[PDB]
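Colleague: Pasting a structure below so you can have a look.
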Amino acid sequence: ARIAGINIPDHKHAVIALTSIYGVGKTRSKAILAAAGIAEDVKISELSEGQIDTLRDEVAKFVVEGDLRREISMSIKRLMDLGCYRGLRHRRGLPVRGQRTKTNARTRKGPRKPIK
Amino acid sequence: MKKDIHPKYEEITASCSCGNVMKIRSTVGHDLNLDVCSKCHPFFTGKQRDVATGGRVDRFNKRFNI
Amino acid sequence: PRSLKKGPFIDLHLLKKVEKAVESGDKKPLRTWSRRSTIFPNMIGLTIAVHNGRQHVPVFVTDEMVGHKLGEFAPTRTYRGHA
Amino acid sequence: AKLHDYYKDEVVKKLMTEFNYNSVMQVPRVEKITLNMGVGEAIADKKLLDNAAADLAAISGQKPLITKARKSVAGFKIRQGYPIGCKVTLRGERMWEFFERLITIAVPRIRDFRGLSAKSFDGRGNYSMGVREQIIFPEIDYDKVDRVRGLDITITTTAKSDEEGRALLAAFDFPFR
RNA sequence: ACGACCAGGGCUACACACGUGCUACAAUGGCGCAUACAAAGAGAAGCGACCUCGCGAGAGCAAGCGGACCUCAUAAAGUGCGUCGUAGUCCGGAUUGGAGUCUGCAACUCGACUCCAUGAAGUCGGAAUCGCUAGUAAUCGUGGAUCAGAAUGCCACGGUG
RNA sequence: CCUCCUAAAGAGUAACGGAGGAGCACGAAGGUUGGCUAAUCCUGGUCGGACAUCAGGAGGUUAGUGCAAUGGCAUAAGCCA
Ligand SMILES: [Mg+2]
Ligand SMILES: [Mg+2]
Ligand SMILES: [Mg+2]
Ligand SMILES: [Mg+2]
Ligand SMILES: [Mg+2]
Ligand SMILES: [Mg+2]
Ligand SMILES: [Mg+2]
Ligand SMILES: [Mg+2]
Ligand SMILES: [Zn+2]
């Protein structure tokens with residue numbers, strides 16, 4: 001049960017199991033399933049090998065897993081290189097999308113750091 | 001090599017999505033079913049598309065048209 | 001982000017200035033206030049001093065800067081650190 | 001053995017064509033492939049080391065040697081003669097088989113594989129590489145394993161220069177960069 | 001000039017501390033299909049049906065109507081069937097990347113919304129502390145003002161209870 | 001009680017002279033047969049870092065000796081079985 005270079009849980013439903021792949025959420029998974037002709041509710045266990053192959057092929061159509069990750073990294077790196085506002089924010093480690101920083105930026109900032 | 005200390009080592013058939021049939025000696029025991037192989041793996045095909053640097057100017061041209 | 005049917009936004013005066021620069025072939029920094037203005041393909045190579053609210057900071061235009069707007073490359077507030 | 005056979009007829013010939021070698025014995029050959037698992041976590045509990053050894057065995061049809069501390073170091077909190085790593089040296093037909101597996105199956109299964117390091121050769125032919133996951137080998141079962149672990153592969157060859165070694169590896173359709 | 005005009009910036013900064021809220025930590029639930037029952041309001045530089053296109057936000061076309069007539073406008077929790085089976089999960093949605101839509105001379109700083117991806121923390125919270133006695137608490141949705149656009153706020157309205 | 005120096009190239013040789021150790025350990029750390037050769041550094045190598053484990057080269061005993069110091073030790077007296 002290996003799709004796009006990663007192992008996938010057999011007991012789970014197909015839609016959700018595909019979501020284990022970095023690059024597909026629910027909608028993408030659904031689309032993949034539609035393309036295949038495979039029912040959504042069926043498990044990864046009790047599939048034919050041909051079916052699995054078809055699924056893999058379908059997955060291959062989208063930029064997924066490592067490929068996607070690298071691309072994501074590149075964009076960030078590009079921004080950093082630019083030294084634009086977003087890039088600057090990224091380098092700082094603070095909210096890019098114009099969120100408040102006075103309070104509540106703990107996702108970017110991590111845990112609270114006491115004053116020495 | 002020594003008689004008893006070693007794990008069982010016997011020839012198995014390694015099937016693939018390619019159609020490629022690969023008879024290889026292994027410790028697996030059962031018949032093996034692969035996802036990818038050396039001939040299949042998108043090294044030669046993928047890595048040109050997989051980088052995808054591109055350009056901004058062309059993108060700009062495409063969507064606005066002036 | 002700007003609507004696609006409307007097309008990209010550039011200030012008229014700034015555009016004219018850019019055109020003039022292109023015609024010349026000069027490499028003197030052009031001091032502008034139009035931060036809201038989108039960068040163009042013809043803008044590449046030029047240095048343009050974007051106003052940051054206080055001063056004009058020179059921005060050497062590159063290939064990657066095109067889709068972006070001018071204010072992005074001109075940091076407004078100056079923060080060093082709390083301690 | 002298939003790869004050995006390939007070498008015997010083709011790889012050697014290719015090498016001769018390339019470097020313009022005088023003797024057929026002057027040609028490089030892969031002497032040994034050495035597999036090693038460094039397992040520091042073994043000092044806390046013995047079973048982990050055993051598990052690692054088992055994994056190694058599964059990977060490569062030989063039973064591993066259990067290596068011990070050459071000298072005691074406090075920085076890692078180990079004493080001399082402490083069972084700290086495990087090692088397999090492959091030679092002959094088995095080695096060839098392992099090599100075949102590595103390139104035709106295992107390397108392809110590496111997650112986010114965009115090539116192997118070309119500048120990784122010690123300077124005198126002998127290539128070395130390391131895998132982060134042991135599950136890339138189809139010998140290890142994904143469900144059975146409790147602890148994620150890896151190993152280092154060391155391809156030792158007769159090649160005098162690193163360049164020669166590189167060439168040899170290329171002749172064996174080794175991925176590289 | 002401590003008066004007046006203008007463009008750009010700031011009022012949205014961020015080692016941190018506090019207050020008031022929203023969303024959660026799941027199964028008295030999530031997700032999917034079907035399906036029932038409101039009230040109170042607003043609307044002319046406005047509310048905008050239907051039909052067509054768009055995955056969608058929306059776009060195009062264009063009736064109606066200063067309105068118990070038309071529009072906003074499908075109530076939602078609920079009910080029925082199915083699925084998930086106690087996992088950091090088909091929980092949770094933060095954050096980020098890409099693609100967009102609309103408003104507006106103009107959305108870089110600094111808008112809202114949509115789609116695809118991404119999937120932090122969080123498993124009911126220390127000392128302490130607040131509200132509420134009935135159609136109340138709790139929970140579920142709906143509308144309005146301010147408004148070009150921009151509410152988890154405020155002021156209202158009904159449901160279950 | 002042991003080692004070095006003082007000690008004057010045999011031995012020995014004093015001082016409240018200059019330096020250090022012992023009051024054991026080991027049924028293998030003893031016997032023998034068979035095999036093996038060190039420190040350190042550089043380069044490459046999953047986690048892995050100045051420093052574990054694996055390669056290869058340089059290196060040549062600078063290491064080791066159950067413990068002080070001296071004299072020895074590859075025929076190894078060093079390290080395995
Ligand atoms: Mg304010
Ligand atoms: Mg607090
Ligand atoms: Mg957690
Ligand atoms: Mg409004
Ligand atoms: Mg004498
Ligand atoms: Mg004398
Ligand atoms: Mg001997
Ligand atoms: Mg002895
Ligand atoms: Zn294949």
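Residues in the structure tokens are named by chain (A, B, ... in the order shown) and by number from 1 within that chain; ligands are numbered from 1 in the order shown.
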Determine which residues of range 21-136 of chain D DSSP labels as strand (DSSP E or B) from the backbone of this structure, then write them out as a VMD selection string.
Modeller: chain D and resid 30 to 38 65 to 68 73 78 83 to 90 127 to 131
Colleague: Please write out the residues within 12 Å of ligand 4 as a list in words, counting only C-alpha atoms (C1' of nucleotides) and all ligand atoms.
Modeller: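 My answer, listing the contacting residues, is residues 42, 103, 112, 143, 144, 145, 146, 147, 148, 149, 150 and 151 of chain E.
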Colleague: Hey, list the chain B side of the contact with chain D: 12 Å cut-off, only C-alpha atoms, answer as an MDAnalysis selection string.
Modeller: chainID B and resid 1:12 14:16 20:48 50:51
Colleague: Can you work out which residues are within 12 Å of ligand 2, considering only C-alpha atoms (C1' of nucleotides) and all ligand atoms, and then hand them over as a PyMOL selection string?
Modeller: (chain A and resi 103-104+106+111-112) or (chain E and resi 16-19)
Colleague: Output C-alpha atoms (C1' of nucleotides) of each residue in that selection to a file, as a PDB file, in the first residue's frame.
Modeller:
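Written file, selection-v7.pdb:
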ATOM      1  CA  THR A 103      -0.961  40.075  21.107  1.00  0.00           C
ATOM      2  CA  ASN A 104      -1.758  36.628  19.607  1.00  0.00           C
ATOM      3  CA  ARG A 106       1.958  32.508  19.033  1.00  0.00           C
ATOM      4  CA  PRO A 111       5.885  29.556  23.098  1.00  0.00           C
ATOM      5  CA  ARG A 112       6.258  32.665  25.302  1.00  0.00           C
TER       6      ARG A 112
ATOM      7  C1'   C E  16       6.348  40.787  27.174  1.00  0.00           C
ATOM      8  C1'   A E  17       1.847  41.617  31.095  1.00  0.00           C
ATOM      9  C1'   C E  18      -3.597  42.158  31.757  1.00  0.00           C
ATOM     10  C1'   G E  19      -8.905  42.575  30.318  1.00  0.00           C
TER      11        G E  19
END
Colleague: Show me which residues sit within 12 Å of ligand 7 when counting only C-alpha atoms (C1' of nucleotides) and all ligand atoms, and put them as a PDB file with N, CA and C atoms (P, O5', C5', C4', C3', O3' and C1' of nucleotides), in the first residue's frame.
Modeller:
ATOM      1  P     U F  32      53.480 -20.659  28.667  1.00  0.00           P
ATOM      2  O5'   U F  32      52.854 -21.521  27.486  1.00  0.00           O
ATOM      3  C5'   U F  32      53.253 -22.880  27.299  1.00  0.00           C
ATOM      4  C4'   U F  32      52.215 -23.618  26.503  1.00  0.00           C
ATOM      5  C3'   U F  32      52.003 -23.112  25.087  1.00  0.00           C
ATOM      6  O3'   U F  32      52.944 -23.724  24.216  1.00  0.00           O
ATOM      7  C1'   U F  32      49.905 -23.405  26.164  1.00  0.00           C
ATOM      8  P     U F  33      53.394 -22.988  22.867  1.00  0.00           P
ATOM      9  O5'   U F  33      52.175 -23.267  21.881  1.00  0.00           O
ATOM     10  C5'   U F  33      51.937 -24.590  21.361  1.00  0.00           C
ATOM     11  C4'   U F  33      50.622 -24.645  20.625  1.00  0.00           C
ATOM     12  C3'   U F  33      50.426 -23.608  19.530  1.00  0.00           C
ATOM     13  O3'   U F  33      51.068 -23.960  18.318  1.00  0.00           O
ATOM     14  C1'   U F  33      48.486 -23.696  20.869  1.00  0.00           C
ATOM     15  P     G F  34      51.669 -22.811  17.388  1.00  0.00           P
ATOM     16  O5'   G F  34      50.365 -22.146  16.755  1.00  0.00           O
ATOM     17  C5'   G F  34      49.508 -22.895  15.868  1.00  0.00           C
ATOM     18  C4'   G F  34      48.219 -22.155  15.592  1.00  0.00           C
ATOM     19  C3'   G F  34      48.339 -20.707  15.154  1.00  0.00           C
ATOM     20  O3'   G F  34      48.752 -20.548  13.809  1.00  0.00           O
ATOM     21  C1'   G F  34      46.634 -20.875  16.767  1.00  0.00           C
ATOM     22  P     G F  35      49.756 -19.369  13.435  1.00  0.00           P
ATOM     23  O5'   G F  35      48.818 -18.081  13.452  1.00  0.00           O
ATOM     24  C5'   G F  35      47.846 -17.864  12.413  1.00  0.00           C
ATOM     25  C4'   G F  35      46.752 -16.927  12.872  1.00  0.00           C
ATOM     26  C3'   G F  35      47.095 -15.448  12.936  1.00  0.00           C
ATOM     27  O3'   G F  35      47.167 -14.800  11.670  1.00  0.00           O
ATOM     28  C1'   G F  35      45.908 -16.045  14.876  1.00  0.00           C
ATOM     29  P     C F  36      48.343 -13.745  11.376  1.00  0.00           P
ATOM     30  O5'   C F  36      47.810 -12.401  12.042  1.00  0.00           O
ATOM     31  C5'   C F  36      46.548 -11.830  11.660  1.00  0.00           C
ATOM     32  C4'   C F  36      46.075 -10.855  12.711  1.00  0.00           C
ATOM     33  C3'   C F  36      46.928  -9.610  12.888  1.00  0.00           C
ATOM     34  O3'   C F  36      46.602  -8.625  11.913  1.00  0.00           O
ATOM     35  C1'   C F  36      46.426 -10.532  15.009  1.00  0.00           C
ATOM     36  P     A F  74      60.611  -7.112  20.582  1.00  0.00           P
ATOM     37  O5'   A F  74      59.551  -7.464  19.448  1.00  0.00           O
ATOM     38  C5'   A F  74      59.605  -8.727  18.763  1.00  0.00           C
ATOM     39  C4'   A F  74      58.597  -8.753  17.643  1.00  0.00           C
ATOM     40  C3'   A F  74      59.049  -8.108  16.333  1.00  0.00           C
ATOM     41  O3'   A F  74      58.716  -8.886  15.190  1.00  0.00           O
ATOM     42  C1'   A F  74      57.044  -7.093  17.093  1.00  0.00           C
ATOM     43  P     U F  75      59.790  -9.892  14.568  1.00  0.00           P
ATOM     44  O5'   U F  75      59.610 -11.197  15.465  1.00  0.00           O
ATOM     45  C5'   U F  75      58.326 -11.844  15.582  1.00  0.00           C
ATOM     46  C4'   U F  75      58.386 -12.970  16.589  1.00  0.00           C
ATOM     47  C3'   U F  75      57.962 -12.620  18.013  1.00  0.00           C
ATOM     48  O3'   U F  75      57.201 -13.686  18.581  1.00  0.00           O
ATOM     49  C1'   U F  75      60.131 -13.538  18.039  1.00  0.00           C
ATOM     50  P     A F  76      55.634 -13.854  18.257  1.00  0.00           P
ATOM     51  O5'   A F  76      55.022 -12.453  18.697  1.00  0.00           O
ATOM     52  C5'   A F  76      54.714 -12.204  20.074  1.00  0.00           C
ATOM     53  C4'   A F  76      55.811 -11.395  20.709  1.00  0.00           C
ATOM     54  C3'   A F  76      55.480 -10.872  22.103  1.00  0.00           C
ATOM     55  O3'   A F  76      56.080 -11.743  23.051  1.00  0.00           O
ATOM     56  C1'   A F  76      56.161  -9.078  20.693  1.00  0.00           C
ATOM     57  P     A F  77      55.179 -12.631  24.019  1.00  0.00           P
ATOM     58  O5'   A F  77      55.399 -11.939  25.436  1.00  0.00           O
ATOM     59  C5'   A F  77      54.366 -11.956  26.438  1.00  0.00           C
ATOM     60  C4'   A F  77      54.484 -10.756  27.352  1.00  0.00           C
ATOM     61  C3'   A F  77      54.044  -9.410  26.774  1.00  0.00           C
ATOM     62  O3'   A F  77      53.376  -8.675  27.792  1.00  0.00           O
ATOM     63  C1'   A F  77      56.327  -9.304  27.397  1.00  0.00           C
ATOM     64  P     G F  78      51.782  -8.570  27.786  1.00  0.00           P
ATOM     65  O5'   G F  78      51.520  -7.460  26.673  1.00  0.00           O
ATOM     66  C5'   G F  78      51.285  -6.075  27.007  1.00  0.00           C
ATOM     67  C4'   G F  78      50.683  -5.361  25.822  1.00  0.00           C
ATOM     68  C3'   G F  78      49.354  -5.914  25.331  1.00  0.00           C
ATOM     69  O3'   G F  78      48.267  -5.376  26.079  1.00  0.00           O
ATOM     70  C1'   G F  78      50.821  -5.628  23.492  1.00  0.00           C
ATOM     71  P     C F  79      47.024  -6.310  26.492  1.00  0.00           P
ATOM     72  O5'   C F  79      46.317  -6.609  25.099  1.00  0.00           O
ATOM     73  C5'   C F  79      45.635  -5.559  24.401  1.00  0.00           C
ATOM     74  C4'   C F  79      44.956  -6.102  23.174  1.00  0.00           C
ATOM     75  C3'   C F  79      44.103  -7.340  23.387  1.00  0.00           C
ATOM     76  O3'   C F  79      42.816  -6.956  23.861  1.00  0.00           O
ATOM     77  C1'   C F  79      45.466  -7.612  21.464  1.00  0.00           C
ATOM     78  P     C F  80      41.837  -8.040  24.518  1.00  0.00           P
ATOM     79  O5'   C F  80      41.232  -8.782  23.245  1.00  0.00           O
ATOM     80  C5'   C F  80      40.929 -10.183  23.282  1.00  0.00           C
ATOM     81  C4'   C F  80      40.585 -10.688  21.902  1.00  0.00           C
ATOM     82  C3'   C F  80      40.229 -12.164  21.866  1.00  0.00           C
ATOM     83  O3'   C F  80      38.851 -12.337  22.163  1.00  0.00           O
ATOM     84  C1'   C F  80      41.939 -11.751  20.291  1.00  0.00           C
ATOM     85  P     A F  81      38.420 -13.232  23.417  1.00  0.00           P
ATOM     86  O5'   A F  81      38.401 -14.703  22.805  1.00  0.00           O
ATOM     87  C5'   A F  81      37.547 -15.008  21.683  1.00  0.00           C
ATOM     88  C4'   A F  81      38.118 -16.125  20.841  1.00  0.00           C
ATOM     89  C3'   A F  81      38.368 -17.450  21.552  1.00  0.00           C
ATOM     90  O3'   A F  81      37.175 -18.185  21.804  1.00  0.00           O
ATOM     91  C1'   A F  81      40.241 -16.925  20.223  1.00  0.00           C
TER      92        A F  81
END
Colleague: Distance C1' of residue 44 in chain F-CA of residue 86 in chain D, one decimal place?
Modeller: 19.7 Å
Colleague: Could you report the residues within 12 Å of ligand 3, using only C-alpha atoms (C1' of nucleotides) and all ligand atoms, as a PDB file with C-alpha atoms (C1' of nucleotides), in the first residue's frame?
Modeller:
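And here is the file that came out, selection.pdb:
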ATOM      1  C1'   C E  25     -10.273  20.150  22.525  1.00  0.00           C
ATOM      2  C1'   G E  88      -4.190  14.226  18.156  1.00  0.00           C
ATOM      3  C1'   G E  92      -9.499  20.805  15.907  1.00  0.00           C
ATOM      4  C1'   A E 120       0.256  24.709  15.062  1.00  0.00           C
ATOM      5  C1'   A E 121      -1.432  24.518  19.753  1.00  0.00           C
ATOM      6  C1'   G E 122      -5.158  22.137  22.070  1.00  0.00           C
ATOM      7  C1'   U E 123      -7.351  15.500  25.195  1.00  0.00           C
TER       8        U E 123
END
Colleague: May I have the residues within 12 Å of ligand 5, computed using only C-alpha atoms (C1' of nucleotides) and all ligand atoms, as a list in words?
Modeller: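 The neighbouring residues of ligand 5 are, in order, residues 6, 7, 8, 9, 10, 11, 12 and 13 of chain F.
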Colleague: Take the residues from that selection and put them in a file with N, CA and C atoms (P, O5', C5', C4', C3', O3' and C1' of nucleotides), as a PDB file, in the first residue's frame.
Modeller:
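And here is the file that came out, part_33.pdb:
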ATOM      1  P     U F   6      72.716  10.872  38.717  1.00  0.00           P
ATOM      2  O5'   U F   6      72.964  11.636  40.086  1.00  0.00           O
ATOM      3  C5'   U F   6      73.063  13.066  40.085  1.00  0.00           C
ATOM      4  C4'   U F   6      72.989  13.586  41.494  1.00  0.00           C
ATOM      5  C3'   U F   6      74.060  13.064  42.430  1.00  0.00           C
ATOM      6  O3'   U F   6      75.211  13.870  42.242  1.00  0.00           O
ATOM      7  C1'   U F   6      71.941  12.958  43.489  1.00  0.00           C
ATOM      8  P     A F   7      76.665  13.247  42.428  1.00  0.00           P
ATOM      9  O5'   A F   7      76.582  11.873  41.635  1.00  0.00           O
ATOM     10  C5'   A F   7      77.773  11.205  41.194  1.00  0.00           C
ATOM     11  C4'   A F   7      77.522   9.723  41.140  1.00  0.00           C
ATOM     12  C3'   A F   7      76.390   9.280  40.216  1.00  0.00           C
ATOM     13  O3'   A F   7      76.780   8.038  39.660  1.00  0.00           O
ATOM     14  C1'   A F   7      75.935   8.567  42.409  1.00  0.00           C
ATOM     15  P     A F   8      77.585   7.991  38.294  1.00  0.00           P
ATOM     16  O5'   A F   8      78.870   8.890  38.586  1.00  0.00           O
ATOM     17  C5'   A F   8      79.408   9.790  37.588  1.00  0.00           C
ATOM     18  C4'   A F   8      80.811  10.221  37.951  1.00  0.00           C
ATOM     19  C3'   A F   8      81.768   9.102  38.348  1.00  0.00           C
ATOM     20  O3'   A F   8      82.504   8.735  37.194  1.00  0.00           O
ATOM     21  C1'   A F   8      81.879  10.911  39.912  1.00  0.00           C
ATOM     22  P     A F   9      82.502   7.228  36.687  1.00  0.00           P
ATOM     23  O5'   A F   9      81.451   7.277  35.494  1.00  0.00           O
ATOM     24  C5'   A F   9      80.091   6.910  35.724  1.00  0.00           C
ATOM     25  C4'   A F   9      79.681   5.855  34.746  1.00  0.00           C
ATOM     26  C3'   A F   9      80.531   4.596  34.748  1.00  0.00           C
ATOM     27  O3'   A F   9      80.184   3.714  35.803  1.00  0.00           O
ATOM     28  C1'   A F   9      80.182   5.306  32.529  1.00  0.00           C
ATOM     29  P     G F  10      81.327   3.065  36.709  1.00  0.00           P
ATOM     30  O5'   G F  10      80.893   1.534  36.794  1.00  0.00           O
ATOM     31  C5'   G F  10      80.456   0.796  35.633  1.00  0.00           C
ATOM     32  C4'   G F  10      80.130  -0.633  36.014  1.00  0.00           C
ATOM     33  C3'   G F  10      79.401  -0.823  37.340  1.00  0.00           C
ATOM     34  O3'   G F  10      77.985  -0.809  37.150  1.00  0.00           O
ATOM     35  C1'   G F  10      81.333  -2.182  37.313  1.00  0.00           C
ATOM     36  P     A F  11      77.012  -0.108  38.227  1.00  0.00           P
ATOM     37  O5'   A F  11      77.252  -0.968  39.545  1.00  0.00           O
ATOM     38  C5'   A F  11      76.699  -2.289  39.682  1.00  0.00           C
ATOM     39  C4'   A F  11      77.012  -2.844  41.049  1.00  0.00           C
ATOM     40  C3'   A F  11      76.622  -1.952  42.222  1.00  0.00           C
ATOM     41  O3'   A F  11      75.266  -2.111  42.594  1.00  0.00           O
ATOM     42  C1'   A F  11      78.833  -2.710  42.522  1.00  0.00           C
ATOM     43  P     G F  12      74.383  -0.827  42.914  1.00  0.00           P
ATOM     44  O5'   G F  12      74.921  -0.360  44.338  1.00  0.00           O
ATOM     45  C5'   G F  12      74.849  -1.217  45.494  1.00  0.00           C
ATOM     46  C4'   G F  12      75.804  -0.733  46.559  1.00  0.00           C
ATOM     47  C3'   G F  12      75.608   0.710  46.995  1.00  0.00           C
ATOM     48  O3'   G F  12      74.687   0.787  48.066  1.00  0.00           O
ATOM     49  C1'   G F  12      77.878   0.368  46.449  1.00  0.00           C
ATOM     50  P     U F  13      73.586   1.937  48.074  1.00  0.00           P
ATOM     51  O5'   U F  13      74.397   3.220  48.541  1.00  0.00           O
ATOM     52  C5'   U F  13      75.107   3.233  49.784  1.00  0.00           C
ATOM     53  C4'   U F  13      76.072   4.390  49.796  1.00  0.00           C
ATOM     54  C3'   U F  13      75.485   5.740  49.414  1.00  0.00           C
ATOM     55  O3'   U F  13      74.903   6.355  50.558  1.00  0.00           O
ATOM     56  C1'   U F  13      77.520   5.383  48.246  1.00  0.00           C
TER      57        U F  13
END
Colleague: Select all residues from chain A having any atom no more than 8 Å from an atom of chain C (counting only C-alpha atoms, ignoring ligands), output as a list in words.
Modeller: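 Residues passing the distance filter: residues 82, 83, 84, 85 and 86 of chain A.
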Colleague: Within 12 Å of ligand 1, which residues of chain E show up? Give each one with its shortest atom-to-atom distance in Å (one decimal) and the two atoms involved, counting only C-alpha atoms (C1' of nucleotides) and all ligand atoms, rows by chain then rising residue number, as JSON lines.
Modeller:
{"residue": "E:10", "atom": "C1'", "partner": "ligand 1", "partner_atom_place_in_ligand_line": "1 (Mg)", "distance": 11.1}
{"residue": "E:11", "atom": "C1'", "partner": "ligand 1", "partner_atom_place_in_ligand_line": "1 (Mg)", "distance": 5.8}
{"residue": "E:12", "atom": "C1'", "partner": "ligand 1", "partner_atom_place_in_ligand_line": "1 (Mg)", "distance": 8.2}
Colleague: Given a cut-off of 10 Å, which residues of chain C touch chain B, counting only C-alpha atoms, written out as a VMD selection string?
Modeller: chain C and resid 4 to 8 39 to 42 44 62 to 68
Colleague: Near range 89-99 of chain A, counting only C-alpha atoms (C1' of nucleotides), which residues have an atom at most 7 Å away, once you skip same-chain residues fewer than 6 positions from it, shown as JSON, numbers by chain?
Modeller: {"A": [80, 105, 108, 109], "E": [110]}
Colleague: With N, CA and C atoms (P, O5', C5', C4', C3', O3' and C1' of nucleotides) retained, export the selected residues as a PDB file, in the first residue's frame.
Modeller:
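File written: selection.pdb
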ATOM      1  N   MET A  80      12.488  35.470   0.445  1.00  0.00           N
ATOM      2  CA  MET A  80      13.603  35.852   1.309  1.00  0.00           C
ATOM      3  C   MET A  80      14.654  36.618   0.503  1.00  0.00           C
ATOM      4  N   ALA A 105       0.202  36.035  18.314  1.00  0.00           N
ATOM      5  CA  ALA A 105       0.982  35.658  17.135  1.00  0.00           C
ATOM      6  C   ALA A 105       1.824  34.426  17.483  1.00  0.00           C
ATOM      7  N   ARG A 108       3.330  31.560  14.943  1.00  0.00           N
ATOM      8  CA  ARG A 108       4.595  31.929  14.313  1.00  0.00           C
ATOM      9  C   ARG A 108       5.729  32.065  15.330  1.00  0.00           C
ATOM     10  N   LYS A 109       5.423  32.699  16.460  1.00  0.00           N
ATOM     11  CA  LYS A 109       6.407  33.055  17.478  1.00  0.00           C
ATOM     12  C   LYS A 109       6.787  31.874  18.373  1.00  0.00           C
TER      13      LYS A 109
ATOM     14  P     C E 110       0.605  45.831   8.285  1.00  0.00           P
ATOM     15  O5'   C E 110      -0.591  45.509   7.282  1.00  0.00           O
ATOM     16  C5'   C E 110      -1.831  44.975   7.781  1.00  0.00           C
ATOM     17  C4'   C E 110      -3.007  45.467   6.966  1.00  0.00           C
ATOM     18  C3'   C E 110      -3.033  45.077   5.487  1.00  0.00           C
ATOM     19  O3'   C E 110      -4.355  44.699   5.118  1.00  0.00           O
ATOM     20  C1'   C E 110      -3.318  47.410   5.711  1.00  0.00           C
TER      21        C E 110
END
